[PDB]
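Structure, as structure tokens:
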Amino acid sequence: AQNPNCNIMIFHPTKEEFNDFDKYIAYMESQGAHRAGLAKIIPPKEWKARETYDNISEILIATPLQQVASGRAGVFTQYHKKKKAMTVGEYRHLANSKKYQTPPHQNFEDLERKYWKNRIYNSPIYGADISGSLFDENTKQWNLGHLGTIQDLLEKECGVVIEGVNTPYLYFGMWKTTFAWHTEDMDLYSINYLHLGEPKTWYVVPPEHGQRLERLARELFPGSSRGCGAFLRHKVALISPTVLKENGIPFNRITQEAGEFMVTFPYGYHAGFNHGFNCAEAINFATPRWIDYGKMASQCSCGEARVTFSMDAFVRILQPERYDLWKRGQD
Ligand SMILES: O=C(O)CNC(=O)C(=O)O
Ligand SMILES: [Mg+2]
Ligand code: NI
Ligand SMILES: [Zn+2]
């Protein structure tokens, strides 16, 4: 078996190997990359996502989210308080202010220490889940706005034709902005490109061990667990590397820098934070190996997680039994 210790693998495709997305994903998996739950892909040196970022200040963040923490430094929840709209210009100015800017630090490890020590005492503002793309339409390789759709994958694998579309989202981050422990909707893959700015640190649990993370989460967030049988779909819970180590949960960590792709694999729980002002673009995607994960994915039926138009059809076709009660939570 390849990659038995489930380490995060880093790939360096040539421009030749960067032409066929599906085939390169299948290659990574042949080398065991999926066992980690997360891979890094460094694009060929000749590739660019777009010519410059010079005019991005006019993008609107219509609902910035202030991420308010509760609990203890290593085990906390975050609530998203909706703020007034601001442009990317305004946001970047805010991120760079004395109140929100990245503190002095020696290296990524010192900054990671400061993050876990101090995250709870600040409420950074996250511009998340903004429908859009920053790839130039003339970028033909690994353009997250031109991937084949999950609906088309299901059609090609399973023969069923469903409604729905699949488009990317932009994320504008600042120091301490945080993504809580989650797998993707319907345990899909995701791919994330860091377009510009400061790094993003990731933590991930191997898919084969995801249930161990869930068991810990139920113990650490006991009332959440009683309220919903898939409360990690709410994307509010954080657990530090220290706490994961104390409880024997297998995980890995890696820092993504501007110009790099990360791919999360089905049922690979991940969480992380931003080092400073940045802009990422991400989208979900499917392969043939995903299909069974889609059939087995947990669902939030308490009604908090409240998910897309397109996810309806996935649940309808892959999880017909659930479909009924899941849509009671979604209506
Ligand atoms: O970048 C972020 O804030 C969150 N991204 C993801 O969870 C992902 O790409 O799967
Ligand atoms: Mg603009
Ligand atoms: Ni994700
Ligand atoms: Zn729920």
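Each chain in the structure tokens gets a letter, A, B, ..., in the order shown, and its residues are numbered from 1; ligands are numbered from 1 in order too.
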Contacts of segment 186-196 of chain A within 9 Å, only C-alpha atoms, excl. fewer than 4 positions in-chain, as a ChimeraX atom specification: /A:49,53,134-135,144,200,256-268,277-287,290-291,293-299,311,314-315
Using backbone DSSP assignments, extract all strand (DSSP E or B) residues from segment 122-323 of chain A; output them as a PyMOL selection string. chain A and resi 125-131+169-173+178-182+189-197+200-204+237-239+252-256+261-264+270-274+278-285
Could you please extract the residues within 10 Å of ligand 2, counting only C-alpha atoms and all ligand atoms, and hand them back as a PyMOL selection string? chain A and resi 53-60+87-89
Please dump the current selection as a PDB file, in the first residue's frame; keep C-alpha atoms.
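The result, written out as out33.pdb:
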```pdb
ATOM      1  CA  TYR A  53      -3.777  41.104  -9.161  1.00  0.00           C
ATOM      2  CA  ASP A  54      -3.698  44.864  -9.648  1.00  0.00           C
ATOM      3  CA  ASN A  55      -7.393  45.544  -9.887  1.00  0.00           C
ATOM      4  CA  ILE A  56      -9.004  43.250  -7.186  1.00  0.00           C
ATOM      5  CA  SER A  57      -9.879  45.951  -4.691  1.00  0.00           C
ATOM      6  CA  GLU A  58     -13.247  46.451  -6.247  1.00  0.00           C
ATOM      7  CA  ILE A  59     -14.541  42.992  -5.451  1.00  0.00           C
ATOM      8  CA  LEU A  60     -17.314  43.263  -2.802  1.00  0.00           C
ATOM      9  CA  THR A  87     -14.760  46.108  -0.720  1.00  0.00           C
ATOM     10  CA  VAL A  88     -11.573  44.021  -0.901  1.00  0.00           C
ATOM     11  CA  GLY A  89      -9.725  47.424  -0.718  1.00  0.00           C
TER      12      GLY A  89
END
```
For residue 21 of chain A, list every protein, DNA or RNA residue within 8 Å, evaluated using only C-alpha atoms, and leave out those in the same chain fewer than 3 positions away; present the list as a PyMOL selection string. chain A and resi 18+24-25+141-142
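Proximity to residue 39 of chain A at 8 Å, evaluated using only C-alpha atoms and with sequence-adjacent residues fewer than 3 positions away removed, yields residues 8, 9, 10, 11, 33, 34, 36, 262, 263 and 264 of chain A.
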May I ask which of the residues A:226, A:72, A:23, A:182 is the closest one to ligand 3, counting only C-alpha atoms and all ligand atoms?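 Under the stated criterion, the closest residue is A:182.
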Please identify all polymer residues within 7 Å of residue 236 of chain A, counting only C-alpha atoms, omitting same-chain residues fewer than 2 positions from it, and present them as an MDAnalysis selection string. chainID A and resid 77:79 180 234 238
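Distances from A:20, A:324, A:112, A:331 to residue 203 of chain A were compared using only C-alpha atoms, and the smallest one belongs to A:112.
For the residues A:38, A:6, A:313, A:325, ranking by smallest atom-to-atom distance to residue 154 of chain A using only C-alpha atoms places A:313 first.
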Could you please extract the residues within 7 Å of ligand 4, counting only C-alpha atoms and all ligand atoms, and hand them back as number ranges by chain? A: 228-231, 233-234, 300-305
Selection to disk with N, CA and C atoms, as a compact mmCIF listing (two decimals), in the first residue's frame:
```txt
# COMPACT_ATOMS: atom_id res chain seq x y z
N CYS A 228 -27.18 17.38 17.34
CA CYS A 228 -27.12 16.97 15.96
C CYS A 228 -26.07 15.92 15.79
N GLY A 229 -26.43 14.90 15.02
CA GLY A 229 -25.60 13.76 14.84
C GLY A 229 -24.48 13.98 13.85
N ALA A 230 -24.41 15.16 13.25
CA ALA A 230 -23.30 15.51 12.35
C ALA A 230 -22.90 16.95 12.58
N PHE A 231 -22.69 17.33 13.85
CA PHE A 231 -22.51 18.79 14.13
C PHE A 231 -21.23 19.37 13.57
N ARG A 233 -20.49 19.43 10.55
CA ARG A 233 -21.05 20.11 9.35
C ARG A 233 -21.40 21.53 9.63
N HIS A 234 -21.62 21.89 10.90
CA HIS A 234 -21.81 23.33 11.21
C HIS A 234 -20.61 24.20 11.05
N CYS A 300 -26.20 16.76 8.37
CA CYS A 300 -26.88 17.61 9.33
C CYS A 300 -28.40 17.64 8.96
N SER A 301 -29.20 17.07 9.83
CA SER A 301 -30.68 17.23 9.77
C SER A 301 -31.27 18.14 10.91
N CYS A 302 -30.48 18.47 11.98
CA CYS A 302 -30.87 19.59 12.87
C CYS A 302 -31.20 20.92 12.17
N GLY A 303 -30.71 21.15 10.96
CA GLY A 303 -31.07 22.37 10.21
C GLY A 303 -30.10 23.52 10.31
N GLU A 304 -29.04 23.40 11.13
CA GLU A 304 -28.05 24.48 11.17
C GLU A 304 -27.21 24.58 9.88
N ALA A 305 -26.82 23.46 9.30
CA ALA A 305 -25.75 23.51 8.29
C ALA A 305 -26.25 24.07 6.93
```
Residues near residue 165 of chain A, cut-off 10 Å, only C-alpha atoms, skip fewer than 3 positions along chain, as an mmCIF file with N, CA and C atoms, in the first residue's frame:
```
data_model
loop_
_atom_site.group_PDB
_atom_site.id
_atom_site.type_symbol
_atom_site.label_atom_id
_atom_site.label_comp_id
_atom_site.auth_asym_id
_atom_site.auth_seq_id
_atom_site.Cartn_x
_atom_site.Cartn_y
_atom_site.Cartn_z
ATOM 1 N N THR A 149 -17.847 19.342 -13.961
ATOM 2 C CA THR A 149 -18.733 19.543 -12.834
ATOM 3 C C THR A 149 -19.007 18.221 -12.133
ATOM 4 N N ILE A 150 -19.409 18.302 -10.885
ATOM 5 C CA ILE A 150 -19.792 17.103 -10.119
ATOM 6 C C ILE A 150 -21.015 16.470 -10.756
ATOM 7 N N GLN A 151 -21.909 17.293 -11.303
ATOM 8 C CA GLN A 151 -23.124 16.762 -11.970
ATOM 9 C C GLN A 151 -22.742 15.920 -13.208
ATOM 10 N N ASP A 152 -21.770 16.401 -13.932
ATOM 11 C CA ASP A 152 -21.295 15.665 -15.077
ATOM 12 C C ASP A 152 -20.534 14.369 -14.687
ATOM 13 N N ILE A 162 -28.936 15.284 -13.454
ATOM 14 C CA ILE A 162 -29.558 16.054 -12.372
ATOM 15 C C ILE A 162 -29.294 17.535 -12.630
ATOM 16 N N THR A 308 -26.383 24.058 -0.131
ATOM 17 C CA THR A 308 -26.739 24.505 -1.478
ATOM 18 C C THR A 308 -27.844 23.795 -2.214
ATOM 19 N N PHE A 309 -28.320 24.542 -3.202
ATOM 20 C CA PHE A 309 -29.207 24.063 -4.209
ATOM 21 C C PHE A 309 -28.734 22.725 -4.844
ATOM 22 N N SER A 310 -27.473 22.662 -5.211
ATOM 23 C CA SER A 310 -26.892 21.490 -5.881
ATOM 24 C C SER A 310 -26.757 20.255 -4.977
ATOM 25 N N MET A 311 -26.620 20.486 -3.670
ATOM 26 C CA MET A 311 -26.429 19.366 -2.751
ATOM 27 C C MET A 311 -27.733 18.595 -2.655
#
```
